[PDB]
Every structure is written in C-alpha cells, then in structure tokens.
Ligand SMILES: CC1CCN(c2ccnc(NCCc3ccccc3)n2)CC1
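Next up: a single chain in structure tokens, the form deposited without the named molecule.
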C-alpha cells in the first residue's frame, strides 16, 4: 500500500524475512540520512544489502536500472539481496522511505521498484493568516514530509512580524532564531529544503536602504543554516506592487546572493497578481515578470481564483505569460477565511495529467497543523505520482497513518467535516456524500407529507450512533494528543449534532403527546449547548466559533425539527417554537463576540449591558442598554 505510489512496481507473490544475518555494502558512501534510517530498521540484527547513489561502487551492478531523474531510485528485494540505489542522495533517502512502508512484521515482499517524482518541488507553504504553527508542530511536520517525499517547506506565516511588515527588516530575536536554526537542522535530516520567505511589499521603499536591509536579513537567515529563499508580494497595495521593481529586486538577490553563495538551492517569488481573477489581462504586470525575471527564479500561482483547483487551461494561461512552468501554491486546506470550519476532506480537483506544466506544487494548510496532515499526505502523493493519484484511497491511507489506533473514528469525523460553507471565495467541497441521498429522500417524503422509507430512517439513525462513538473515542485518544487538542471543540459540537439528530428522529416516531414534548425540550437544550460552544470556543476576530456537519447533516436535522414541530402544532393546536438555533435575545438575530446582529422594529437582550455602538446600513458611550428600537449592536460583555 505504498504512498506515494511508485512510477513502476513489479511485485512477486513471495515474501522474504528481514535478515538478522546480513552484509551491508555501501554504508560508508551512501547518503548518511538514508543509512541512519536503514540502521534503525535493522536495529539489533549473511544476506546482501547494497545501498548507494549512482556512481558508488556498491550499486555499479544496477546503474542501468536506477531511473535517470532527480530524486529517482531503484529498489529490489529477493531471497539473496536487497538493493537501495538513488540517482542522487535524495533518491537514496526516498528508497529508504518506500522500503520502510514495505517492512511489515519483519517481512518484506519480493518487489522491484523504479520510482521518481513527476513534479520537481513538492510540499507545504506555511503561508496563511492566523496563529503560526507552534515550534513542536513544525518539528513534527518536517518528519512527516521526509516520510512522504515532500522536499519543500516554505516558511511564511502572514502574522509572523519578522516575516511581514514592518519587522521583516529586523533579525529574529535569539529565541526564535535558535528555534529556526533547529528547524533547518531537522529539515536537512529529512531531505526537505527549508525555504525562508519574506513579505516586504506593503512598506518596502525601492531605495538602497531597504534593498540592503532585505539582503542583510537573508544573510542573517543564511547564518541560521537556511539555503533557499522566497520573496512574497501577495495581498499588498501601493508601490510594492510595481512589476519592474519587483523583478529588479529579485534579479539583484539572484545575482548578488543566490548565484554568489556556495550552496543556495531554491529562489522563489509570489506575484501580486497571483491568480487569474486578480490579474489584469490588459495590464503589464505578469508579462513584465515573465520577460524580466531571471530564468532560475520560480513564480508562484494559486490558479484561476484566490482559492482554486489547478486545470490544464488554467496553468497554460499563466505559463504563457510568465514564460516558465508555474510553481503552484494551492490554497487548500487553508481555512483562514472560514475559521469556524475544519477542512478534513480528501484532496481532489487538480488535473492529474499536467505535471510537465508545473515546476512546483505546495499546499497552504490550516493553522491546525496535525489536522492538515490528511491534506498534506495527499498532496505528497498527488505531486509525486499524479498519473496514479487516488483521491479516496489516499485520504483513507493518510487517516490510518495519522491515527492508526482510531482510523475509522477519524474517518467518520473527517467525512462530515469537509465543506467550507458559503464564503466570498466561492470555494466548496463535498461533504457527507454517502448519506446524502437517504437524507434527501427522507426530507422529500416528510415535507410534502408522503411516507418515508424505513431503511432511510435507519441509515440516518446508524450515522448519528456512529458519530457519537467517533466523538467520544477521539476525545479520549492519547496516540496523537496534539491532533485531539486541535479538533476537540469540533468534536464536542459534532457529538451534540449527533444527539440532536437522534432526538429529532425520536420526535418523528413520536409515541404520544408527552414523549414528543420530552424529546422536543431535550432538543431545545441541545441547541442551547451548541450555541454555548459556538460562543465560547475558537473566539477569533474573523469567523468565531464552531461549525460542523454543515453541508447535509445539520440542515437535515434543522429542517426535520422545524417540520415535526409544525405538524404537532396543527395536530394539537399547540404553539411550540420551531426555530432551530438557540438565541438568548428576542426580536434571525445573531451573536458574534460582543456583537448582536439581525442577519444582513425592536431587539430585547437577555439583560442590561453597557452599550458601545449601533451600526445600521452612533457611539453609545457605555449607556446601560437592554431594548433597541446591516444592523449590528456592540456591547461590553
């Protein structure tokens, strides 16, 4: 079950045993990163094992089987010998990572593998807004990239003041600097290019002073061990957006720094026009870059829109203007504009035949580093072997990789936490696809008053039961504590969702008047609990709170609840309230942080608050306020 899937694989239906008696060959002269891993795998343990790079004495016999590609390797296992041979040092390390996935309980299959990546640079750009990844999280990421053959980590958290304006001019303080030094050492050991990016555009002056401060900063990062560099000009305005100046600065960094040090690897830039919708097809910006930028400098691209999947026509369009294959910055699973959602679905939508048209493929992920590993593991597989990329199987493999102790539970949670909900970027993902038809029918019948299928009722019922099992097991899981810490508030909200659905379904059955009323009041309590989570957890300034199962599950529950309530009201001349989200203030009102808003004559708050201002479309100077007669009211809470 190899991830990424190799270019070529020939399996023999025999198996062999990892030799306790073995002779090692090429150990001294192969990539030391690859040898270390081999030795960990052969721990406390005569069969021939030959390891080396094309050109080493050890692997002379196989030089014609080693693929002629950067990062390529040949791998083979039989009764007599094991071969691990890279076109180059990174290739040998990649052989070892493939070999590690073949070893299962001291047993190896008989296989012959020729393998190499279809895309040259593959990995992660930590390039989102929000809380930057923790130091420990980054340490974990770099190991994960090594294991999955991602060779690129671009460091560029938008809210790191030493990366963006104005402190991009200042060297990192000692503590952050020793942490970065450590990240580079760890990157180098897992064969990952640590790429340090800088984001100076918003207040850069095009003078010598700013140019030398930038080069002075790159020099300080070089002292920390950094060997690849990027300059980002995304999401800025003003003079920094000038294409001629941008190119001159980049060429100057190229000529006076990248092409002058002994050992610099990647030099990459991100344009102000970084996707088609944000480009001016009649303006000179992209063609200037394409014509003026030195040919070894990479140019990044997010596709047809800020958030978008990569199409053949889309990348043709950019490649023809920039005069080189774009280096893709893919904006998924980044959730910095839908901060109340987790995006845990599969990676899909990118053309799988366009490898030759791209220099690079990196994923911009969520501020939730462990949770992002599902998409990241999948991107590593897509970028290495797009031809064979399998969306759903890779998603499942990622999950079982990340949380083998509770894979089905995490699968359950992930598959109902995938869509983004409505947003201004217009990007959406599928969610809850398996149960969607059953949901769809149940709610057709029910609404129009025709009878639903029992098996559809039970499917819904089975799902809620499963959700509860997953939520509870994930909450207590101690295999990946950092992952659990990330998802926990979502897990609680997910459990509540499932209980609400069970209770709403008990209302549909509805023995008698007083059963129905017990169920109904329970539902109301559960709504209120969801509100309290949504108001107390993840209270960020942009999209505060906690949404889950939003595409299919919550709407089905809400709409079912509103419906039974209405039938009951008719049948009993009752006046039960049918509203679906709890709201403590009377008038659809909404609560966000200290705001109280009627969704874009009179409001009554659950209490007297000091008021702050009322924006329709006046300051309230702390006046006590309970009644009020865009429409956002801000209070002190």
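Residue numbers count along the first chain shown, from 1.
FYI, the form deposited with the named molecule bound isn't displayed, but the following is about it.
Proximity to the named molecule in the bound PDB entry, taken as heavy atoms within 4.5 Å, picks out 331 to 339 from the listed stretches 331 to 339, 168 to 176, 208 to 216, 98 to 106. Contact annotation: residue 460 falls outside 4.5 Å of the named molecule in the bound PDB entry, judged by heavy atom distances. Although the partner is absent here, residue 121 sits far enough away that none of its heavy atoms falls within 4.5 Å of the named molecule in the bound PDB entry.
Taking the partner from the other structure, the named molecule in the bound PDB entry has no heavy atom within 4.5 Å of any heavy atom of residue 153.
Not displayed here, the named molecule is approached by residue 234 to within 4.5 Å at the level of heavy atoms in the bound PDB entry. Interface residue among 378, 493, 302, 246 relative to the named molecule in the bound PDB entry, by the heavy atom within 4.5 Å criterion: 302. Comment: the named molecule is not present in this chain, but in the bound PDB entry one of 412, 484, 306, 297 has a heavy atom within 4.5 Å of it, namely 306.
With contact defined as any non-hydrogen atom lying within 4.5 angstroms of the named molecule in the bound PDB entry, the contacting residues in 261 to 275 are 270, 274, given in sequence order.
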